[PDB]
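Below you will find one chain, with nothing else, as C-alpha cells; this is the form solved without the named molecule, and questions on how it binds or moves follow later.
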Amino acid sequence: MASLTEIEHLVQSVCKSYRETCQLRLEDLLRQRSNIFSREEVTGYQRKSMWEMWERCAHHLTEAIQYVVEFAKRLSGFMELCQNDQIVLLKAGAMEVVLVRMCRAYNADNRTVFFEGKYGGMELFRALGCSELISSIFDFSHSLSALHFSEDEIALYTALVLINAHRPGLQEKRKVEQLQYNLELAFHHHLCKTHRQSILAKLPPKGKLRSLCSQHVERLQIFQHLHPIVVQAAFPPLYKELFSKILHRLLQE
C-alpha cells in the first residue's frame, strides 16, 4: 500500500489543508511582533477578575479549536472514519493541535505570546491563578520554537498529533493505524527530502502534550468548583463539551 508518488500527494494535501484552516497566517503574526503590551496594559490584565480572564481565554481557545475541527474535516481519510472515531480523536487531540499551533504566535527573543492584538509575557495571565500551567505552555512553545518549524512541518506534525491510533475509545483502530502510518511516511519522507530528519530526536515526547492537556482539565475543574454559574452561563458550549453535543453538528456541515 501507498507508493512514493501517493506519499508526495499526501504531503501536499496535508499542507494545503493546514494553510486553508490557519486561524491567522504566519506573516500576520510576525508583522505584529513589535506591537507589545505596555506596562499599563499588563497591569490592566492582572487587575481583571479571575472569572473574566478565564472566560476570555476559554472564548479564544474555542475559536482556535473551531479551526482545528475544520483542519480535521479537510484531512484525507478523516471524514471516512466512523463518527465515534472522529469525535474520540477531536476530543483528545484538538487542544493538543492548538498547543502546537500556538508556537507560531510565540516570540522566543522576548518570551511573549500574541493575545488580543498584541504581544505579552507570562505575567499577562497572572489573574487566571494557574501560573504553573501558563509557564508550562510558554516552555512548550519555547521548546517548539527552537526547532524553527516550516509551515509544512507544522502541518504534517499536527496531522499526526490528531491521527493517533492509540486513543482509548476507538472502534475501528486498524483504520486509524493505516491513516497514522501513511501520515508518518509523509512526514518522514518530507523530512528526508528537505534534510530535516535531525528534528526527529528533538520532537517533544507524546507525554508532554498529554501533560499540558491534563493540567488544563485539572485547572478548569478547580475554577469551575469556585465559579459553577460562570462556566454554565458564560463559557462557550463547545469548550464545556470538550473539557468540562456541538461536535456532532460541527462535523456534519
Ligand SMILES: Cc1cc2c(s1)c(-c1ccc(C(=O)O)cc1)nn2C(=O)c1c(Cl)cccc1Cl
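Quick note: we count residues from 1 along the sequence shown, nothing fancier.
The form deposited with the named molecule bound exists for this protein as well; it is not shown, and the discussion that follows is about that form.
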Worksheet item: How would the site be scored, open or blocked, if the named molecule were superimposed onto this chain using its pose in the entry with it bound (blocked means 3 or more ligand atoms within 2.4 Å of backbone or C-beta)?
Response: blocked
Practice prompt. Spell out, yes or no, whether the shortest heavy atom distance between residue 65 and the named molecule in the entry with it bound is within 4.5 Å.
Written response: yes
Fill in: 4.5 Å heavy atom contact, residue 91 and the named molecule in the entry with it bound
yes
Worksheet item: With the partner left out of view, is residue 10 within 4.5 angstroms of the named molecule in the entry with it bound by any non-hydrogen atom?
Response: no
Worksheet item: Just to confirm, residue 35 within 4.5 Å of the named molecule in the entry with it bound by heavy atoms?
Response: no
Worksheet item: Quick one: in the entry with it bound, does every one of 217, 231 and 242 get a heavy atom within 4.5 Å of the named molecule?
Response: yes
Worksheet item: Even though the chain is shown alone, can you say which residues of 46-61 have a heavy atom within 4.5 Å of the named molecule in the entry with it bound?
Response: 54, 58, 61
